[PDB]
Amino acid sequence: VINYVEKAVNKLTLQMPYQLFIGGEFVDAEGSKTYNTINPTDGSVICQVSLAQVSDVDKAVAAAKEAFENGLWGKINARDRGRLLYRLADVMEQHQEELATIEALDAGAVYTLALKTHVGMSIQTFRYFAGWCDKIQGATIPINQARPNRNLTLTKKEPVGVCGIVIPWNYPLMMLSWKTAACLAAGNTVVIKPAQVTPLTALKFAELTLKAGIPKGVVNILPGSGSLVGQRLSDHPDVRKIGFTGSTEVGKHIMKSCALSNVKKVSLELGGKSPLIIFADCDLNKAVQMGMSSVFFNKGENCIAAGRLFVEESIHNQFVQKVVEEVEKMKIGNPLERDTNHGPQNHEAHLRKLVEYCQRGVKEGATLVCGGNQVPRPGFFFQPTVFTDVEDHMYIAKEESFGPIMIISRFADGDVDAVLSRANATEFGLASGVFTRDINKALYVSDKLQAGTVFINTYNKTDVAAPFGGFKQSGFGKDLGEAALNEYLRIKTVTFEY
């Protein structure tokens, strides 16, 4: 029997676990320490959540180690591992409205969006990777023969072992699902650190692993302080791989701790300042719709959000006019209300940063066209924002906002290489986009953009089958697609002489 926080909302009765999840059971942290998780729609405390301590991290790693080395997970067929992951996806689907409601409460995700994306894509992710389990294959290799004898060389793809994964707060369940599904599909066991500010869907997910019959200890979840849990996971002698998505400075530290302990494998996704280049020969009304999506989707809390729009001189003014017309139609409100287009920001500290960000944009001389302020209502709502006259040297041309702030620069009619240079000036390299009807411009621009993803006449079109990861200081390693599996596998070469 699990302890829950019960809540009647959205025509459901939510039952929310709030404790650490270690070895198939929900347990208090050492000293029964807790912290408050805050609802961004009104600033209220949702509930108290267990605050994982170093001893709890050790317990979680030990449970994952045992599950991997001696438990059922390490013994069953790849095909049967796949069956369990497909069952997990089914259980998630059965609980989809509840999960989407929890995400609306915990992260401010608009419910309709949380259903379709935060939860919907999570279910797709588990189903996709479940299909990979019995399709992960090694090789047989035609090596030179040690005549008069013969040789056979093969490779075996094997799991890496116990993994630690650190999940950001922008799409809590979805980002958890991306990493967890690939990790588990490859035969590993895992200790998951959800963001301090967004523990709840991870903990509901933990309960669903029980319902799906995932062996105890395969999944362990440790809400609490990022510095505490992330550091101990990265230092731990029994952890063999860390997957991290978060801030550049924390990621650098994570990688350093991986090095200095046991040279564990690491993948890093460290956000971006992603350019979207909009040419005068695009479909303009479509460019307005997709340009707005590129920035405002999920209240801008989106690692691949377009952090700069470069718009060709001849359509610039009309583009901005149309964006403003459409921004005015956005319905700001409670994420549980069906007419809501734009939900609150995730947490208060982030709201405060967005306010300071726009103050600085104005200070340094950009033109504030609309927004830039906290919406006058309870909770942590921020007005969709449009800046123009942004120059390359400006802070807002360089720094990632992680909010609903469209940052527009002009470029001269016909100036392809020049605008590419400005778009590529960043040390980030996560995503990018180009809008043009011209096939030659589209293909050339996609070649030249220094980013892990290039969108052409679309934006935010991720897919569980399409690898996602950054270049340069956005990190390395892929989530999603076949490529994600390689981060969670090791290759053993076996060479016979006969």
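A residue's number is simply how far along the shown sequence it sits, counting from 1.
Q: Do the C-alpha atoms of 450-458 or of 56-64 have the higher average B factor in the entry?
A: Taking the mean B-factor of the alpha carbons in each, 56-64 is higher.
Q: Comparing 398-406 with 244-252, which has the greater mean CA B-factor as deposited?
A: Between 398-406 and 244-252, it is 244-252.
Q: Could you tell me which one of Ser32, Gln473, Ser432, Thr436 shows the highest CA temperature factor in the PDB record?
A: That would be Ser32.
Q: Determine which member of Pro275, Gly71, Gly108, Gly300 has the highest CA B-factor, using the values in the deposited entry.
A: It is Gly71.
Q: Consider only the C-alpha atoms of the modelled residues in this chain, order them by B-factor as the entry records it, and name the third containing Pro467: lowest, middle or highest.
A: Ranked within chain, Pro467 CA B lands in the lowest tercile.
Q: When the modelled residues of the chain are sorted by Cα temperature factor, does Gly82 land in the lowest, middle or highest third?
A: For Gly82, whose C-alpha B-factor we compare with every modelled residue in the chain, the answer is the lowest third.
Q: Going by the recorded CA B-factors, say which third of the chain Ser225 sits in, lowest, middle or highest.
A: CA B-factor rank for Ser225: highest third.
Q: Could you tell me which third, lowest, middle or highest, the C-alpha B-factor of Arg308 occupies within its chain?
A: CA B-factor rank for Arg308: lowest third.
Q: Which third of the chain holds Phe411 when residues are ordered by C-alpha B factor: lowest, middle or highest?
A: Highest third, going by the recorded CA B-factors of the chain.
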